[PDB]
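Undergrad: Below is the file data.txt, which contains compact mmCIF, C-alpha atoms and all ligand atoms.
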```txt
# COMPACT_ATOMS: atom_id res chain seq x y z
CA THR A 1 -18.49 -0.06 -23.38
CA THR A 2 -16.38 1.48 -20.59
CA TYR A 3 -14.95 -2.01 -19.88
CA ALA A 4 -14.07 -2.36 -23.55
CA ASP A 5 -12.33 1.02 -23.35
CA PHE A 6 -10.43 -0.17 -20.25
CA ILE A 7 -9.17 -3.28 -22.04
CA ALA A 8 -8.11 -1.21 -25.05
CA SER A 9 -6.15 1.23 -22.84
CA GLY A 10 -3.33 -1.25 -22.39
CA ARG A 11 -3.29 -0.39 -18.69
CA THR A 12 -4.91 -3.54 -17.29
CA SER A 13 -1.65 -5.08 -16.05
CA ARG A 14 0.28 -4.14 -12.92
CA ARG A 15 0.95 -0.38 -13.04
CA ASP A 16 4.36 1.09 -12.15
CA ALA A 17 4.85 4.20 -10.07
CA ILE A 18 6.04 7.24 -12.02
CA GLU B 1 -15.65 6.28 22.28
CA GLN B 2 -13.98 9.38 20.80
CA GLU B 3 -11.77 9.56 23.89
CA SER B 4 -10.75 5.94 23.31
CA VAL B 5 -9.51 6.77 19.80
CA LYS B 6 -7.66 9.84 21.09
CA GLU B 7 -5.93 7.83 23.84
CA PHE B 8 -5.18 4.90 21.50
CA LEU B 9 -3.53 7.12 18.89
CA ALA B 10 -1.45 8.99 21.50
CA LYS B 11 -0.06 5.72 22.84
CA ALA B 12 0.63 4.55 19.29
CA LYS B 13 2.49 7.78 18.53
CA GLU B 14 4.70 7.33 21.62
CA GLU B 15 5.57 3.79 20.58
CA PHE B 16 6.24 4.83 16.96
CA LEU B 17 8.50 7.76 17.90
CA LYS B 18 10.59 5.57 20.20
CA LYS B 19 11.32 3.12 17.35
CA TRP B 20 11.63 5.95 14.81
CA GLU B 21 14.35 7.64 16.85
CA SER B 22 16.33 4.45 17.61
CA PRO B 23 15.74 2.10 14.66
CA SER B 24 16.71 -1.58 14.85
CA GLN B 25 19.62 -2.73 12.73
CA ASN B 26 21.31 -5.98 11.75
CA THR B 27 18.96 -8.54 13.30
CA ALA B 28 19.71 -11.58 11.09
CA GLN B 29 22.03 -12.62 8.25
CA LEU B 30 21.62 -14.20 4.83
CA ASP B 31 22.74 -17.73 5.67
CA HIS B 32 20.02 -18.02 8.34
CA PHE B 33 17.61 -18.53 5.40
CA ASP B 34 16.97 -20.85 2.47
CA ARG B 35 15.59 -19.20 -0.66
CA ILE B 36 12.44 -20.85 -2.01
CA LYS B 37 10.83 -18.79 -4.79
CA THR B 38 10.66 -15.27 -6.19
CA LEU B 39 7.31 -13.70 -5.30
CA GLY B 40 7.73 -10.32 -7.02
CA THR B 41 10.31 -8.26 -8.93
CA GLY B 42 10.99 -4.59 -9.66
CA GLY B 43 14.90 -5.44 -6.36
CA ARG B 44 13.06 -8.70 -5.64
CA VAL B 45 10.86 -10.27 -2.97
CA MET B 46 11.51 -13.92 -2.24
CA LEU B 47 9.83 -16.56 -0.17
CA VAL B 48 12.49 -17.80 2.25
CA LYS B 49 12.56 -20.40 5.05
CA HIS B 50 14.31 -19.62 8.31
CA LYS B 51 16.64 -22.61 8.75
CA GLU B 52 16.51 -22.85 12.55
CA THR B 53 12.74 -22.54 12.96
CA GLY B 54 11.27 -23.57 9.60
CA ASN B 55 9.27 -20.35 9.56
CA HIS B 56 8.55 -18.83 6.14
CA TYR B 57 9.05 -15.11 5.42
CA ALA B 58 9.02 -12.71 2.49
CA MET B 59 12.50 -11.25 1.99
CA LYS B 60 12.82 -8.02 0.02
CA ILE B 61 16.33 -7.79 -1.49
CA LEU B 62 17.66 -4.47 -2.78
CA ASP B 63 20.86 -4.15 -4.82
CA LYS B 64 22.69 -1.17 -3.29
CA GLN B 65 24.33 -0.16 -6.59
CA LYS B 66 20.97 -0.28 -8.34
CA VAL B 67 19.34 1.81 -5.58
CA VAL B 68 22.07 4.45 -5.95
CA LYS B 69 21.76 4.43 -9.78
CA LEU B 70 17.99 4.90 -9.64
CA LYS B 71 18.36 7.71 -7.05
CA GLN B 72 16.44 5.74 -4.40
CA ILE B 73 18.77 6.02 -1.39
CA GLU B 74 16.51 8.18 0.75
CA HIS B 75 13.36 6.28 -0.24
CA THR B 76 14.97 2.95 0.66
CA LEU B 77 16.29 4.10 4.02
CA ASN B 78 12.93 5.71 4.74
CA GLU B 79 10.90 2.59 3.88
CA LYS B 80 12.92 0.47 6.29
CA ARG B 81 12.78 3.13 9.00
CA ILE B 82 9.00 3.34 8.69
CA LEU B 83 8.46 -0.41 8.65
CA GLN B 84 10.54 -1.09 11.75
CA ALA B 85 8.60 1.64 13.61
CA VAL B 86 4.92 1.15 12.74
CA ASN B 87 2.54 -1.32 14.38
CA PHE B 88 -1.03 -1.79 13.11
CA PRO B 89 -3.14 -4.85 12.16
CA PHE B 90 -3.19 -4.02 8.42
CA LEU B 91 0.49 -3.11 8.04
CA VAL B 92 2.94 -5.87 7.19
CA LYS B 93 5.32 -6.71 10.03
CA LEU B 94 9.10 -6.42 9.65
CA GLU B 95 10.74 -9.38 11.36
CA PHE B 96 14.43 -8.83 10.52
CA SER B 97 16.69 -6.56 8.48
CA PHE B 98 20.41 -6.62 7.59
CA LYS B 99 22.79 -5.71 4.80
CA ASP B 100 25.90 -7.16 3.23
CA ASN B 101 28.52 -6.12 0.71
CA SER B 102 26.01 -6.03 -2.17
CA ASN B 103 22.43 -5.91 -0.88
CA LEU B 104 19.92 -4.65 1.66
CA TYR B 105 17.47 -7.15 3.17
CA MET B 106 14.08 -6.70 4.82
CA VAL B 107 12.50 -9.91 6.07
CA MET B 108 8.75 -9.51 6.51
CA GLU B 109 5.92 -11.75 7.49
CA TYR B 110 4.83 -13.84 4.50
CA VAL B 111 1.32 -12.85 3.38
CA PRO B 112 0.21 -15.90 1.38
CA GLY B 113 -2.97 -14.72 -0.26
CA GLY B 114 -1.44 -12.64 -3.04
CA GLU B 115 -2.00 -9.09 -4.27
CA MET B 116 -5.53 -7.72 -4.33
CA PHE B 117 -4.70 -6.85 -7.96
CA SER B 118 -4.69 -10.52 -9.04
CA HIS B 119 -7.98 -11.33 -7.35
CA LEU B 120 -9.68 -8.22 -8.71
CA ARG B 121 -8.58 -8.84 -12.30
CA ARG B 122 -9.55 -12.53 -12.05
CA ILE B 123 -13.01 -11.98 -10.57
CA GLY B 124 -13.57 -8.74 -12.53
CA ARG B 125 -15.03 -6.63 -9.75
CA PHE B 126 -16.06 -6.86 -6.12
CA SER B 127 -19.61 -6.44 -4.83
CA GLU B 128 -20.11 -3.32 -2.67
CA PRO B 129 -19.97 -5.26 0.65
CA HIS B 130 -16.76 -6.99 -0.44
CA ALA B 131 -15.28 -3.64 -1.49
CA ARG B 132 -16.52 -1.97 1.70
CA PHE B 133 -14.75 -4.61 3.81
CA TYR B 134 -11.40 -3.71 2.25
CA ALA B 135 -12.18 0.02 2.20
CA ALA B 136 -12.84 0.06 5.97
CA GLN B 137 -9.39 -1.37 6.58
CA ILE B 138 -7.75 1.33 4.44
CA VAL B 139 -9.72 4.05 6.26
CA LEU B 140 -8.43 2.81 9.61
CA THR B 141 -4.91 2.35 8.25
CA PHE B 142 -4.83 5.91 6.93
CA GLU B 143 -6.26 7.25 10.20
CA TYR B 144 -3.30 5.55 11.94
CA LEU B 145 -0.67 6.63 9.40
CA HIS B 146 -1.92 10.23 9.23
CA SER B 147 -1.92 10.49 13.04
CA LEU B 148 1.83 9.78 12.77
CA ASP B 149 2.16 12.51 10.10
CA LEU B 150 2.83 9.84 7.44
CA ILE B 151 1.42 10.45 3.94
CA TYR B 152 1.25 7.12 2.13
CA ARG B 153 1.00 8.15 -1.54
CA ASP B 154 1.04 4.75 -3.33
CA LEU B 155 -2.35 3.17 -2.69
CA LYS B 156 -3.41 0.71 -5.40
CA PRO B 157 -4.54 -2.93 -5.61
CA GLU B 158 -0.95 -3.86 -6.60
CA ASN B 159 0.23 -2.68 -3.15
CA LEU B 160 -2.42 -4.48 -1.06
CA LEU B 161 -1.87 -8.07 0.03
CA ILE B 162 -4.53 -10.48 1.31
CA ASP B 163 -3.70 -12.57 4.36
CA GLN B 164 -4.83 -16.05 5.40
CA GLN B 165 -7.91 -14.64 7.17
CA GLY B 166 -8.81 -12.52 4.14
CA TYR B 167 -7.68 -9.22 5.68
CA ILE B 168 -5.48 -6.63 4.00
CA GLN B 169 -1.78 -6.08 4.56
CA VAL B 170 -0.12 -2.89 3.25
CA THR B 171 3.59 -3.55 2.39
CA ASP B 172 5.29 -0.80 0.36
CA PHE B 173 6.44 2.41 2.01
CA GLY B 174 9.02 3.58 -0.53
CA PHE B 175 7.06 6.74 -1.36
CA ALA B 176 5.66 7.43 2.11
CA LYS B 177 6.79 10.71 3.70
CA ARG B 178 6.68 11.76 7.35
CA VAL B 179 5.71 15.47 7.12
CA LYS B 180 3.30 17.48 9.26
CA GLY B 181 2.18 19.92 6.57
CA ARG B 182 2.58 20.17 2.81
CA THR B 183 5.03 18.58 0.40
CA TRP B 184 5.74 18.84 -3.32
CA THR B 185 7.12 15.65 -4.90
CA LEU B 186 5.55 14.31 -8.07
CA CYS B 187 5.18 10.66 -7.09
CA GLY B 188 2.62 7.87 -7.19
CA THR B 189 0.90 5.94 -9.94
CA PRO B 190 -0.96 7.85 -12.69
CA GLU B 191 -4.45 6.39 -12.17
CA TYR B 192 -4.24 7.18 -8.42
CA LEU B 193 -2.67 10.69 -8.52
CA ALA B 194 -4.68 13.42 -6.85
CA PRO B 195 -5.20 16.50 -9.05
CA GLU B 196 -3.14 18.78 -6.79
CA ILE B 197 -0.13 16.48 -7.33
CA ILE B 198 -0.59 16.58 -11.12
CA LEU B 199 -0.92 20.35 -10.97
CA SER B 200 2.42 20.82 -9.19
CA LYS B 201 0.78 22.41 -6.18
CA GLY B 202 1.80 21.85 -2.62
CA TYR B 203 -0.30 19.05 -1.18
CA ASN B 204 -0.99 17.28 2.08
CA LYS B 205 -2.39 14.03 3.44
CA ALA B 206 -5.69 14.69 1.63
CA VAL B 207 -4.10 13.06 -1.42
CA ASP B 208 -4.49 9.69 0.34
CA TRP B 209 -8.23 10.23 0.68
CA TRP B 210 -8.49 10.99 -3.03
CA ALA B 211 -6.61 7.75 -3.71
CA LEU B 212 -9.01 5.87 -1.44
CA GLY B 213 -11.80 7.05 -3.72
CA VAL B 214 -9.95 5.77 -6.79
CA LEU B 215 -9.43 2.42 -5.01
CA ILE B 216 -13.04 2.06 -3.95
CA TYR B 217 -14.16 2.89 -7.48
CA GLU B 218 -11.78 0.37 -9.05
CA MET B 219 -12.75 -2.41 -6.58
CA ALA B 220 -16.47 -1.86 -7.20
CA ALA B 221 -16.25 -1.25 -10.99
CA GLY B 222 -13.34 -3.47 -12.02
CA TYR B 223 -11.59 -0.48 -13.63
CA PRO B 224 -10.46 2.87 -12.20
CA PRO B 225 -12.35 6.15 -12.67
CA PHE B 226 -9.71 7.75 -14.94
CA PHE B 227 -7.85 5.78 -17.59
CA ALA B 228 -6.43 6.30 -21.06
CA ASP B 229 -3.72 4.99 -23.37
CA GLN B 230 -1.14 7.44 -21.98
CA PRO B 231 -0.55 8.98 -18.54
CA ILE B 232 -0.79 12.58 -19.84
CA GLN B 233 -4.33 11.78 -21.04
CA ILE B 234 -5.14 10.22 -17.66
CA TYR B 235 -3.95 13.42 -15.96
CA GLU B 236 -6.29 15.55 -18.10
CA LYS B 237 -9.33 13.53 -17.00
CA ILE B 238 -8.27 13.56 -13.35
CA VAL B 239 -8.04 17.36 -13.20
CA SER B 240 -11.19 17.91 -15.29
CA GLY B 241 -13.54 17.51 -12.34
CA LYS B 242 -15.72 15.03 -14.31
CA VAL B 243 -16.29 11.36 -13.49
CA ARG B 244 -18.79 8.74 -14.61
CA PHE B 245 -20.14 5.83 -12.59
CA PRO B 246 -21.29 2.33 -13.64
CA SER B 247 -25.08 2.03 -13.49
CA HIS B 248 -24.83 -0.70 -10.80
CA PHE B 249 -23.13 1.64 -8.29
CA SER B 250 -25.52 2.38 -5.45
CA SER B 251 -26.59 5.94 -4.62
CA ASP B 252 -24.68 5.86 -1.32
CA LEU B 253 -21.53 4.72 -3.12
CA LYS B 254 -21.72 7.48 -5.73
CA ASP B 255 -22.20 10.14 -3.06
CA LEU B 256 -19.18 8.92 -1.09
CA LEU B 257 -17.09 8.84 -4.26
CA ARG B 258 -18.16 12.34 -5.30
CA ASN B 259 -16.86 13.52 -1.90
CA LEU B 260 -13.57 11.63 -2.02
CA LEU B 261 -12.91 12.25 -5.74
CA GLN B 262 -13.40 15.96 -4.97
CA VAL B 263 -11.03 18.11 -7.04
CA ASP B 264 -11.36 20.98 -4.52
CA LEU B 265 -9.12 19.68 -1.74
CA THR B 266 -10.81 22.13 0.64
CA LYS B 267 -14.15 20.30 0.12
CA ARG B 268 -12.80 16.73 0.02
CA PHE B 269 -13.91 14.17 2.59
CA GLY B 270 -11.19 13.36 5.07
CA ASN B 271 -9.81 16.90 4.74
CA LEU B 272 -12.67 18.81 6.44
CA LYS B 273 -13.21 19.90 10.04
CA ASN B 274 -14.35 16.45 11.19
CA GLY B 275 -11.48 14.72 9.36
CA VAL B 276 -11.84 10.99 9.00
CA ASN B 277 -15.22 10.83 10.74
CA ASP B 278 -16.96 12.32 7.69
CA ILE B 279 -15.94 9.10 5.94
CA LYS B 280 -16.65 6.69 8.81
CA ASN B 281 -20.10 8.22 9.35
CA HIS B 282 -21.07 8.22 5.66
CA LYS B 283 -24.18 6.25 4.70
CA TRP B 284 -22.20 3.74 2.61
CA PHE B 285 -20.36 2.68 5.79
CA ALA B 286 -23.49 2.58 7.96
CA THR B 287 -23.25 -1.21 8.38
CA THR B 288 -19.52 -1.12 9.19
CA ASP B 289 -18.57 -2.09 12.75
CA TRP B 290 -15.30 -0.15 12.84
CA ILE B 291 -14.08 -1.68 16.10
CA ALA B 292 -14.84 -5.21 14.88
CA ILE B 293 -12.90 -4.54 11.67
CA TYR B 294 -9.90 -3.29 13.67
CA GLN B 295 -10.15 -6.33 15.98
CA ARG B 296 -10.39 -8.63 12.92
CA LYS B 297 -13.64 -10.15 14.17
CA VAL B 298 -15.64 -9.59 10.95
CA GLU B 299 -16.00 -12.60 8.68
CA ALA B 300 -14.08 -11.88 5.54
CA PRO B 301 -16.05 -12.13 2.26
CA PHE B 302 -13.21 -13.95 0.48
CA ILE B 303 -10.55 -16.33 1.81
CA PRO B 304 -7.68 -17.16 -0.58
CA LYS B 305 -6.68 -20.77 -1.23
CA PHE B 306 -3.92 -21.84 1.18
CA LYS B 307 -2.36 -25.32 1.20
CA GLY B 308 0.01 -24.70 4.08
CA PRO B 309 3.26 -22.98 5.04
CA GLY B 310 5.21 -22.16 1.90
CA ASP B 311 2.27 -22.31 -0.52
CA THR B 312 2.95 -19.70 -3.26
CA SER B 313 0.01 -20.46 -5.54
CA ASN B 314 -1.54 -16.98 -5.14
CA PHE B 315 1.62 -15.39 -6.62
CA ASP B 316 2.82 -15.42 -10.19
CA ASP B 317 6.02 -16.95 -11.55
CA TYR B 318 9.24 -15.02 -12.16
CA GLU B 319 12.64 -15.96 -13.55
CA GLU B 320 14.91 -17.06 -10.69
CA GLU B 321 18.24 -15.18 -10.49
CA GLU B 322 21.24 -15.69 -8.21
CA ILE B 323 21.56 -13.69 -5.01
CA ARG B 324 25.17 -12.62 -5.55
CA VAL B 325 27.28 -11.11 -2.81
CA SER B 326 30.40 -9.27 -3.94
CA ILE B 327 33.84 -9.63 -2.33
CA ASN B 328 33.94 -5.81 -2.26
CA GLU B 329 31.68 -3.65 -0.09
CA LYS B 330 29.47 -1.45 -2.27
CA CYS B 331 28.00 1.90 -1.22
CA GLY B 332 28.79 1.52 2.46
CA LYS B 333 28.68 5.21 3.36
CA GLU B 334 25.32 5.70 1.63
CA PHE B 335 23.60 2.95 3.64
CA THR B 336 25.23 3.31 7.08
CA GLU B 337 21.88 3.85 8.79
CA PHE B 338 20.22 0.75 7.33
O1 LIG A 401 3.96 -9.11 -2.96
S1 LIG A 401 5.28 -8.60 -2.81
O2 LIG A 401 6.36 -9.24 -3.49
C1 LIG A 401 5.61 -8.56 -1.08
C2 LIG A 401 6.25 -7.45 -0.58
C3 LIG A 401 6.49 -7.33 0.77
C4 LIG A 401 6.04 -8.29 1.65
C5 LIG A 401 5.38 -9.45 1.18
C6 LIG A 401 4.91 -10.48 2.03
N1 LIG A 401 4.34 -11.59 1.61
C7 LIG A 401 4.21 -11.76 0.28
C8 LIG A 401 4.60 -10.83 -0.65
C9 LIG A 401 5.19 -9.62 -0.22
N2 LIG A 401 5.25 -7.04 -3.30
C10 LIG A 401 6.44 -6.36 -3.84
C11 LIG A 401 6.15 -4.98 -4.42
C12 LIG A 401 4.84 -4.90 -5.17
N3 LIG A 401 3.70 -4.51 -4.30
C13 LIG A 401 3.18 -5.64 -3.52
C14 LIG A 401 4.24 -6.22 -2.61
```
Could you rewrite the structure in this file as structure tokens?
TA:
Amino acid sequence: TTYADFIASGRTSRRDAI
Amino acid sequence: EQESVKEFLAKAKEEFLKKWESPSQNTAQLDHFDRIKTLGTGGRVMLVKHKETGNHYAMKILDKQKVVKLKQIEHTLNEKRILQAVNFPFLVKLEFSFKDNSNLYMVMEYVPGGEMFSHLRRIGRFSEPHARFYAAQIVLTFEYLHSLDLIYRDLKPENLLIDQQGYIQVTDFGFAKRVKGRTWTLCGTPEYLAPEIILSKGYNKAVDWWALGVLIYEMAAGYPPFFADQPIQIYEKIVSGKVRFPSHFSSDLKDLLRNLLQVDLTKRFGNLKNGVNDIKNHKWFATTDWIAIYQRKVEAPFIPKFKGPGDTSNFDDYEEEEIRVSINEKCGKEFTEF
């Protein structure tokens, strides 16, 4: 599912600025 | 009612410019405070207690040598200059600032309810009325900031705090820029970058309205509209002009998001002839009492747990490090204006 894809992205934690 | 907004913003601009042109400096010192707990790290933000009054504050501490090494001098000076000059219900208040041999210090009101980020990941997603409540506060905050020619550029749940009444406080102004027209820096967070930033075009305050669309989407879905394993892959989806919505999104919400997540910055809501009113008048906001939101008279949908002054339960735990102050002044010339 899209949620599954989100979890697998590895970008569910706090995201840094570039 | 339109004339009330015009008059309100003109008065707010006069007050901002006064403080912008003569910033406050050196209004406390370190030994006026006891350190309690680290609330966040990147410098650090600490819960502190003012010794004389017992009042709690959040103290951001920046290592001057680290700031210089990371090329953040102008951003750091600019953040403090903005924070001591702005005044709006959903912007965190700067109570004191000072510097010493080693560090820069900004003492802000303590916002006990934690980052929106934590609540959103815990609960999963917000219902559309819960999301709308937060979104209305960002709309008003950007109307205020943009009227001052400030582009914000780092909207995300990580940068939104929840106060004791459940309202939003915006805290971080390290990437904000006061420019009237266009600017060119590649800055922000990948998921929230407007396409014209990714594409190395000149861009304007319309990037904040794109980011509002990303935020509304992520609040209502539980995940942002564009994600991938790597930033470059996120950028490709952002510029593609394609987006997909969860089936539970309402029709009104999708239409708003199509107009904020508009790749053509000349067709994007908030950047058209009627500016912010295209957003305020959109069907998804039809139940929003904008004045009552501003006046903080709307019942918040969620109130964080709060035991009392000094409760840090809505924040995570971090390794506690010394606040060390060198015998030698570091980087004095660089930070004269702080
Ligand atoms: O929560 S903070 O530590 C924080 C910052 C500034 C003022 C604060 C006031 N109260 C609590 C936490 C605060 N934080 C640091 C950078 C990450 N983005 C969110 C703000």
Undergrad: Neighbouring residues of ligand LIG 401 (chain A) are defined here as those with any atom at most 6 Å from a ligand atom, counting only C-alpha atoms and all ligand atoms; list them as a VMD selection string.
TA: chain B and resid 39 to 40 45 58 108 to 112 158 to 159 171
Undergrad: Output as a list in words the set of chain B residues within 8 Å of chain A, with distances taken over all atoms listed in the file.
TA: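 Matching residues, ligands excluded from the count: residues 117, 154, 158, 187, 188, 189, 190, 223, 227, 228 and 229 of chain B.
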Undergrad: Quick one: contact table of range 184-298 of chain B to range 119-130 of chain B, 7 Å max, nearest atom pair and distance in Å to one decimal per residue, counting only C-alpha atoms, chain and number order, as JSON lines?
TA:
```
{"residue": "B:219", "atom": "CA", "partner": "B:126", "partner_atom": "CA", "distance": 5.6}
{"residue": "B:220", "atom": "CA", "partner": "B:126", "partner_atom": "CA", "distance": 5.1}
{"residue": "B:221", "atom": "CA", "partner": "B:125", "partner_atom": "CA", "distance": 5.7}
{"residue": "B:222", "atom": "CA", "partner": "B:125", "partner_atom": "CA", "distance": 4.2}
```
Undergrad: Just to be explicit: take each residue in the selection above, keep C-alpha atoms, and write the result as a JSON list (two decimals), keeping the file's coordinate frame.
TA:
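The file below, out.json, is the result:
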```json
[["chain", "number", "residue", "atom", "x", "y", "z"],
["B", 219, "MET", "CA", -12.75, -2.41, -6.58],
["B", 220, "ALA", "CA", -16.47, -1.86, -7.20],
["B", 221, "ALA", "CA", -16.25, -1.25, -10.99],
["B", 222, "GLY", "CA", -13.34, -3.47, -12.02]]
```
Undergrad: Considering all atoms listed in the file, can you say which of B:205, B:80, B:49, B:282 comes closest to residue 143 in chain B?
TA: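 Among the listed residues, B:205 lies closest to residue 143 in chain B.
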Undergrad: In Å, with one decimal, what is the gap from CA of residue 194 in chain B to CA of residue 294 in chain B?
TA: 27.0 Å
Undergrad: Using only C-alpha atoms, can you tell me which of B:270, B:113, B:202, B:275 comes closest to residue 182 in chain B?
TA: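 Using only C-alpha atoms, residue 182 in chain B sits closest to B:202.
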Undergrad: In Å to one decimal, how far is CA of residue 167 in chain B from CA of residue 217 in chain B?
TA: 19.0 Å
Undergrad: Mind checking which residues fall within 7 Å of residue 48 in chain B, counting only C-alpha atoms, ignoring those fewer than 5 positions away in the same chain, and posting them as an NGL selection string?
TA: :B and (33-36 or 56-59)
Undergrad: Separation of CA of residue 330 in chain B and CA of residue 62 in chain B, in Å?
TA: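 So the two atoms, CA of residue 330 in chain B and CA of residue 62 in chain B, lie 12.2 Å apart.
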